[PDB]
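The structure under discussion appears below in the form of structure tokens.
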Amino acid sequence: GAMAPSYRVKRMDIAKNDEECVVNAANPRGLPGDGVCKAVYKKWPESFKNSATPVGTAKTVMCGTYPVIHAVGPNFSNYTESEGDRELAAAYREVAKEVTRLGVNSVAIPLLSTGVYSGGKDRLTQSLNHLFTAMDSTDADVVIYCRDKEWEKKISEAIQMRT
Ligand SMILES: Cc1n/c(=N\[C@@H]2CCC[C@H]2CO)s[nH]1
Ligand SMILES: [Cl-]
Ligand SMILES: [Cl-]
Ligand SMILES: [Cl-]
């Protein structure tokens with residue numbers, strides 16, 4: 001575990017992370033995809049061998065010894081708000097199980113279902129709160145990655161608010 005488990009936020013490409021493992025915002029088919037998934041495929045393409053997994057689940061594949069946790073959030077274009085909210089909470093619970101199983105002291109994690117799976121809605125708070133609900137019982141250092149300047153400020157505020 002980390003000596004004083006923390007949350008932090010950085011605004012940069014998650015493919016450049018300084019953590020012991022990465023969470024991919026994956027599609028259910030293990031395809032290269034768009035956005036975070038695209039960046040992860042270019043950096044760790046070996047981790048896409050047999051990475052397909054259903055919505056609301058996470059599947060870890062090693063690239064060398066570096067673990068890539070493929071977490072499949074719902075596409076809010078296809079899910080109702082109710083069923084999508086349940087599946088988005090479930091994906092983060094499965095990430096916390098994998099992070100614990102791997103014994104890592106740190107993890108890089110994007111906000112699931114906030115980009116092309118958002119169904120055109122701002123889901124920063126919804127996605128971040130489900131992240132916290134899952135990760136708060138783990139002792140890994142968590143580093144959240146984002147690309148927008150206003151999102152960086154809002155995620156940083158949400159972390160600082162809890163102290
Ligand atoms: C390469 C990179 N993308 C990041 N976040 C995405 C921005 C839009 C949806 C987000 C998650 O898919 S963090 N590092
Ligand atoms: Cl960058
Ligand atoms: Cl997304
Ligand atoms: Cl972002």
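For the structure tokens, the naming scheme is as follows: chains receive sequential letters (A, B, ...) according to their order of presentation, residues are indexed from 1 within each chain, and ligands are indexed from 1 in presentation order.
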Surrounding residues of residue 95 of chain A excluding itself and chain neighbours under 4 positions, 9 Å, only C-alpha atoms, as an MDAnalysis selection string: chainID A and resid 23 57:59 69:71 90:91 99:100 134:135
Just to be explicit: take each residue in the selection above, keep C-alpha atoms, and write the result as a PDB file, in the first residue's frame.
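Okay, out34.pdb is ready:
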ATOM      1  CA  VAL A  23      -6.836   1.927 -16.403  1.00  0.00           C
ATOM      2  CA  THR A  57     -16.463  -5.066 -15.991  1.00  0.00           C
ATOM      3  CA  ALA A  58     -12.688  -4.758 -15.955  1.00  0.00           C
ATOM      4  CA  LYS A  59     -10.138  -7.163 -17.443  1.00  0.00           C
ATOM      5  CA  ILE A  69      -6.785  -2.693 -16.554  1.00  0.00           C
ATOM      6  CA  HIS A  70      -9.378  -2.481 -19.384  1.00  0.00           C
ATOM      7  CA  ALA A  71     -12.518  -0.931 -17.749  1.00  0.00           C
ATOM      8  CA  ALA A  90     -20.007  -1.352 -11.422  1.00  0.00           C
ATOM      9  CA  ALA A  91     -17.027  -0.733 -13.815  1.00  0.00           C
ATOM     10  CA  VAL A  99      -5.976  -2.687  -8.331  1.00  0.00           C
ATOM     11  CA  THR A 100      -6.190  -4.601  -4.988  1.00  0.00           C
ATOM     12  CA  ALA A 134     -14.935   2.373  -5.435  1.00  0.00           C
ATOM     13  CA  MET A 135     -11.369   3.605  -4.749  1.00  0.00           C
TER      14      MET A 135
END
Filtered DSSP result for segment 14-109 of chain A, state alpha helix (DSSP H), as a ChimeraX atom specification: /A:35-43,81-102
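Coordinates place atom CA of residue 5 of chain A at a distance of 25.1 Å from atom CA of residue 114 of chain A.
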A:142, A:37, A:61, A:104 ranked by distance to residue 15 of chain A, top pick (using only C-alpha atoms): A:37
Could you list, as a CSV table (one decimal) with C-alpha atoms, in the first residue's frame, all residues that come within 12 Å of ligand 3? Count only C-alpha atoms and all ligand atoms.
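Okay, this is what ended up in pocket.csv:
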chain,number,residue,atom,x,y,z
A,24,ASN,CA,-7.9,2.0,-20.0
A,25,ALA,CA,-11.4,3.5,-20.9
A,26,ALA,CA,-12.0,0.5,-23.1
A,27,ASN,CA,-14.7,-0.6,-25.5
A,33,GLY,CA,-11.0,2.8,-30.2
A,34,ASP,CA,-10.8,6.6,-29.9
A,35,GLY,CA,-9.4,9.1,-27.2
A,36,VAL,CA,-7.8,7.5,-24.1
A,37,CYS,CA,-8.3,4.0,-25.7
A,38,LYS,CA,-6.4,5.1,-28.9
A,71,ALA,CA,-12.5,-0.9,-17.7
A,72,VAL,CA,-15.7,-0.8,-19.9
A,73,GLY,CA,-18.0,2.0,-19.0
A,74,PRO,CA,-21.5,2.3,-20.5
A,75,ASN,CA,-22.2,4.3,-23.7
A,76,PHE,CA,-25.0,6.7,-22.5
A,77,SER,CA,-26.2,6.9,-26.1
A,88,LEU,CA,-20.7,3.0,-14.6
A,110,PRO,CA,-9.3,8.4,-16.5
A,111,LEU,CA,-13.0,9.4,-15.9
A,112,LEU,CA,-15.0,6.6,-17.5
A,113,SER,CA,-18.0,7.5,-19.8
A,114,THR,CA,-17.1,11.3,-19.9
A,115,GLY,CA,-16.0,11.5,-23.6
A,116,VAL,CA,-17.6,9.8,-26.6
A,117,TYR,CA,-19.7,7.5,-24.2
A,118,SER,CA,-21.2,10.5,-22.4
A,119,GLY,CA,-24.3,10.7,-24.7
A,120,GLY,CA,-23.4,14.4,-25.1
A,121,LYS,CA,-23.8,15.3,-21.3
A,122,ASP,CA,-21.3,16.6,-18.7
A,123,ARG,CA,-20.7,13.6,-16.4
A,124,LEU,CA,-17.6,14.9,-14.5
A,127,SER,CA,-18.1,9.7,-13.0
A,146,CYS,CA,-7.9,14.6,-17.8
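Pairwise distance (atom CA of residue 44 of chain A, atom CA of residue 152 of chain A) equals 25.1 Å.
Among the candidates A:42, A:92, A:13, A:85, the one nearest to ligand 4 when counting only C-alpha atoms and all ligand atoms is A:13.
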Considering only C-alpha atoms and all ligand atoms, give me a table of residues in chain A that are at most 9 Å from ligand 2, with the closest atom pair and distance in Å for each, as a tab-separated table.
residue	atom	partner	partner_atom_place_in_ligand_line	distance
A:11	CA	ligand 2	1 (Cl)	7.5
A:12	CA	ligand 2	1 (Cl)	4.0
A:13	CA	ligand 2	1 (Cl)	4.3
A:14	CA	ligand 2	1 (Cl)	7.9
A:15	CA	ligand 2	1 (Cl)	8.4
A:16	CA	ligand 2	1 (Cl)	7.1
A:147	CA	ligand 2	1 (Cl)	8.2
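Here atom CA of residue 21 of chain A stands at a distance of 5.0 Å from atom CA of residue 107 of chain A.
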Residue nearest residue 101 of chain A - candidates A:52, A:39, A:2, A:140, atoms counted: only C-alpha atoms: A:140
Strand (DSSP E) per DSSP on the backbone: members of chain A, as a PyMOL selection string: chain A and resi 7-11+22-25+58-63+66-71+106-110+141-146
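Between ligand 1 and the candidates A:148, A:139, A:46, A:157, the tightest atom-to-atom separation, counting only C-alpha atoms and all ligand atoms, involves A:148.
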